[PDB]
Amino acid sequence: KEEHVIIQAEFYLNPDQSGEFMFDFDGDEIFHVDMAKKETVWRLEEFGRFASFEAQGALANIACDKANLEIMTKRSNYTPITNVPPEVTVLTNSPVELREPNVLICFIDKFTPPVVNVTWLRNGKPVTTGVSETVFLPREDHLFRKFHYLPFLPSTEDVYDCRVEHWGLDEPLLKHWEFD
């Protein structure tokens, strides 16, 4: 019967050397720290106008996370993670009106490790215009959730797929969407 939960979630992954630091509020990302640019990225811009976070502190945590991983790796006698393939769902942001702007959402859920290749396909061809994504969101079972987005103009003429690759899958998974 809790009202709210706020989660500071971090991970480090070997041999990829990938790290993540993010805050989560009732399941939504508040912000994460970009490891490449070493800066705080707010999930919604308005957040940034009204709050602040020192990106440097997260990097120091990531260094600690990496150290802890290597200790646990050895301690477990190099027991690797079991791949858990994602569930994938494609939906729109709102009811479709032909020729009126909308957004396709590729919802990727219940997977680990946190590494995926995601490609939006329009009529079989990759599209990158206006696309965006969240980082990996934490789950209580310690798997991950992730969202990808494609703004688009609905038409009876186009088909779309979210193509998802993960080590737990036997083949790339294409999740399809077209107007019906």
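When you see a residue number, it is the position in the sequence shown, counting from 1.
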query: 124 to 132 set against 145 to 153, stretch whose average Cα temperature factor tops the other in the entry; finding: 124 to 132
query: Given 18 to 26 and 167 to 175, the range whose Cα B-factors average higher in the PDB entry; finding: 167 to 175
query: Peak C-alpha temperature factor (PDB record), options 137, 35, 115, 62; finding: 35
query: Among modelled residues of the same chain, the CA temperature factor third for residue 89; finding: middle
query: Position of residue 72 among the chain's modelled residues by C-alpha B-factor, lowest, middle or highest third; finding: highest
query: Among modelled residues of the same chain, the CA temperature factor third for residue 53; finding: highest
query: Record-listed C-alpha B factor of residue 83: chain third; finding: middle
query: Ranked C-alpha temperature factor of residue 111 among modelled chain residues, by third; finding: lowest
